[PDB]
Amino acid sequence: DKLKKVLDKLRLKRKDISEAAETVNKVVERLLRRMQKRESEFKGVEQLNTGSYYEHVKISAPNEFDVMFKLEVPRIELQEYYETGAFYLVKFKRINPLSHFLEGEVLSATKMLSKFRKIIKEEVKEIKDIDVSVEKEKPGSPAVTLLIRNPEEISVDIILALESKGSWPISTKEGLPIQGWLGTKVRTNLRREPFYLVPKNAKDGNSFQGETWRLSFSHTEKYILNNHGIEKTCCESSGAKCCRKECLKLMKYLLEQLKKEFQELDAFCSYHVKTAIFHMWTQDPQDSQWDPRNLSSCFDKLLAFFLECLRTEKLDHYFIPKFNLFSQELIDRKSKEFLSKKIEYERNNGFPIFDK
C-alpha cells in the first residue's frame, strides 16, 4: 500500500512521454543521418535504443534516454586487458575507414570518440528548432551526452559502440546464468546475438588508456527486462502480473534519492542495482516469488541482498563473473559502509526518503 503509492509517484505520465519522445527522436534521427553522410567514418552506423526508458523501468520523469550508435566491425581480434574480463584492446588484421584511428593495428578508443564527438557537436550547432547542447565530456563515459531544454531538462547519452558478430569473449562463458530461469534455448539465442565494445575512456593515466574498450550488454539486458519470467505469459494480457520491474523501480529510487542528497554515494550508480536484481531474479526464478501482493517482501529481500553485497565487497558483473563491481579497487570500504548504514536506516524507519 505504502509501496503502491510510491510506485504511483514514480509512474511516468503519457503527456510527458509524448513531448519528450517527439523532441528526442527528432535530434537522434538528425544525428544518425549525419553519420551516414559523405566520407564519414561512421557511415553504416546503426541505432539501438537501450536503458531504463526502453525497458520501461525509467522512474519519476522521462528525462534520460540512452541510445547506441553501433558500428559493425568485421575481422576483429581482441586482447583482454590484464585479465580484467571486461576491458579489451581491439586489433585489426587487414591493412579501411577506421584507418585514421588505427595506431598500428590497435584501434584507438579516444581518437574514435573524439571524431564522433566532433561530428555530433557540429550537427547540434546547426539545430535551431530546439534548445539542445552537448555536455562537457565526463571521464569514464563512453557517451556524448545531449542536454535538451524541452522547456524541461532532458539528457540523451549517444553511446558509440563497436559491433562484433562472432562468439562472445571467453570471459563471459560462465556469465548470464539464466538456465534455471529463462532456460538454455534463450541463453543460446542471446549468445548468438552480437556483442558490443564501448570506449572505457578513463583518465586515470594507466597504460593503454585511450585504446581500452569495455564490453557492453545493454541489448541483452533490454531483452531480459522485457522477457523476465520463467512463464512465457508473465505480465502479458492473458498471464499473471509480477512485481519484478516494480521492485527494480523502488530500488532505483532509493539510490537516486540517496545519491541526490549525499555526495559520498558518487561511486554508486543504477547499474549496481540493476546487476543486483539480475542476480535476485536468478536466485528466485519462479514467477510466484514475485507475486504483486508480496511487493513488500520482495523489495525487502532485494535490499537484504544488496546489503550483503556491500558488506562482503562483492557484486559480480552479471555477464562477466570474474569482474567485481564492488572491489576495493573501484569503491572503497567507507563508501560501502556509508551506503550500508543509509539503506539499513530507510529499511527500519518506514523509508522516509520516499516522501521527499
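The first residue of the sequence shown is number 1, and the count goes up from there. Only the largest set of C-alpha atoms that superpose within 1.5 Å between the two forms is called the rigid core.
- Fitting each structure in 7 other deposited structures of this protein onto the rigid core and averaging C-alpha distances over structures and residues, 27-35 emerges as the more displaced of 301-309 and 27-35.
- Between 8-16 and 340-348, the larger root mean square Cα shift in 7 other deposited structures of this protein, once each structure is superposed on the rigid core, falls on 8-16.
- Not even a third of the other compared entries skip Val198; each one keeps it along with the residues on either side.
- Of the other structures of this protein that model both sides of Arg187, every one gives it coordinates; not a third omit it.
- Gap check for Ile95 to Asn96: 1 to 3 deposited residues are absent from the model.
- Taking the PDB entry as given, 68-76 carries the higher mean Cα B factor of the two stretches 281-289 and 68-76.
- When 50-58 is weighed against 325-333, 325-333 comes out higher, by mean CA B-factor as recorded in the entry.
- Of all the options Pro169, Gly229, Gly175, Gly205, the entry's greatest CA B-factor is assigned to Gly205.
- Per the PDB record, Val106 has a higher Cα B-factor than any other of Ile224, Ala276, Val106, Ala267.
- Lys91 sits in the highest third of its chain by CA B factor, as recorded in the PDB entry.
- Ranked by C-alpha B-factor against the other modelled residues of its chain, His317 falls in the lowest third.
- Annotation for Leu102: C-alpha temperature factor in the highest third relative to the rest of the modelled chain, per the entry.
- In the PDB entry, a CA B factor belonging to the highest third of its chain's modelled residues is recorded for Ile127.
- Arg191 sits in the lowest third of its chain by CA B factor, as recorded in the PDB entry.
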